[PDB]
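Chain identifiers are assigned alphabetically (A, B, ...) following the order of the sequence lines, protein sequences preceding nucleic acid strands; residue numbering begins at 1 within each chain. Atoms considered below: every heavy atom in the structure, side chains included; atoms not considered: hydrogens, waters and symmetry mates.
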Amino acid sequence: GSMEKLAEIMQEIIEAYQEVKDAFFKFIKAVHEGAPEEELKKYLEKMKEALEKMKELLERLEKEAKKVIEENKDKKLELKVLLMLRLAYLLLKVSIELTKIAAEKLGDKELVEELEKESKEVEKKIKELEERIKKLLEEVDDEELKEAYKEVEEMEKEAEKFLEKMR
Amino acid sequence: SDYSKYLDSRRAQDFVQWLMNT
């Protein structure tokens, strides 16, 4: 069913995130050696193709999350599903910002422009989700979910600290 | 020095698996 489907999409999002990371760290290693630009551009292309994949999977996650919510109209399930979406968009945000860092080093100005748009859009979606999630925290009485919210919060803080160290 | 356990994709998988099984 759709709860399995949500988890399955999440696995595909995490896998595409991993491809972005793998390409980014190989890109950074290659750029510090002075690798030829065709290899650098390969890794940037790999990040872009995986980002495209993640963007589409997030649209599937989102359209599937919405059906599960509203069909269930359950607070705990909605909170669970928004926290999954909250995690997926964090992974997308990291993936965008890593590709942006690579695009900037390679001087790919049009990709950097497009990634600027994607990162503001994901920031906006993250802030919308934070607003809904904070509302449900009052409404649910499962401290496991409250710990899960605290965890993704600490994930984003560490991810931002990591992103600043890269650029 | 740069590695963050929080960026780990296995951690994200385990976090989903935890969150999903709550």
Tell me whether A/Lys120 at atom NZ has more than 12 heavy atoms from other residues, nucleotides or ligands lying less than 6.0 Å away. no
Applying a criterion of heavy atom separation less than 4.5 Å, what residues of residues 11-30 of chain A form contacts with chain B? A/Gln11, A/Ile14, A/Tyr17, A/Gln18, A/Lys21
Atom NZ of A/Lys165: over 12 foreign heavy atoms under 6.0 Å: yes
Contacts with chain B made by residues 92-118 of chain A (heavy-atom distance under 4.5 Å), listed by residue number: A/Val94
Shortest non-hydrogen separation from A/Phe162 to B/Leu7 and the atoms involved: CD2-CD1, 3.7 Å
Is the number of heavy atoms from other residues, nucleotides or ligands under 6.0 Å of A/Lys150 NZ greater than 12? no
Using a cut-off of 6.0 Å, state whether more than 12 heavy atoms not belonging to A/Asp141 lie near its atom CG. no
Could you check A/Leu87, A/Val152, A/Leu145 and say which one makes a side chain to side chain contact (heavy atoms under 4.5 Å, CB included) with B/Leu19? A/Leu145
Would you give the length of the straight line joining atom CD of A/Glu160 to atom OG of B/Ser4, rounded to the nearest 0.5 angstrom? 12.0 Å
Does any part of the side chain of B/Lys5, heavy atoms only, come nearer than 4.5 Å to the side chain of A/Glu158, both counted from C-beta? no
Residues B/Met20 and A/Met84: closest non-hydrogen pair is SD-SD, 3.3 Å
Measuring from A/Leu90:CG to B/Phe15:CZ, what's the distance to the nearest 0.5 Å? 9.5 Å
Within a strict 4.5 Å, meaning less than it, do heavy atoms of the A/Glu147 and B/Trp18 side chains meet? yes
Can you establish whether the number of heavy atoms outside A/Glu71 located under 6.0 Å from its atom CD is more than 12? yes
Does any backbone or side-chain atom of A/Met10 lie under 4.5 Å from a heavy atom of chain B? Answer side chain, backbone, both or neither. side chain
Over 12 foreign heavy atoms within 6.0 Å of CD, A/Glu154: yes
Of all residues at least two apart in sequence or in a different chain, which pass the salt bridge (charged side-chain N to carboxylate O under 4.0 Å, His left out) check with A/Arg60? none
Tell me, side chain or backbone of B/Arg11 under 4.5 Å from chain A's heavy atoms, or both, or neither? side chain
Taking salt bridge (charged side-chain N to carboxylate O under 4.0 Å, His left out) as the test, write out the residues that go with A/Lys46, two or more places apart. none
Looking at A/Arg167, I want to see if its CZ is surrounded by more than 12 non-hydrogen atoms of other residues, nucleotides or ligands under 6.0 Å. yes
Heavy-atom closest pair (B/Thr22 atom, A/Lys76 atom, distance to 0.1 Å) is O-NZ, 3.0 Å
Would one find more than 12 heavy atoms of other residues, nucleotides or ligands at under 6.0 Å from atom CD of A/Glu143? no
Closest heavy-atom pair and its distance - B/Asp2, A/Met166: OD2-SD, 4.4 Å
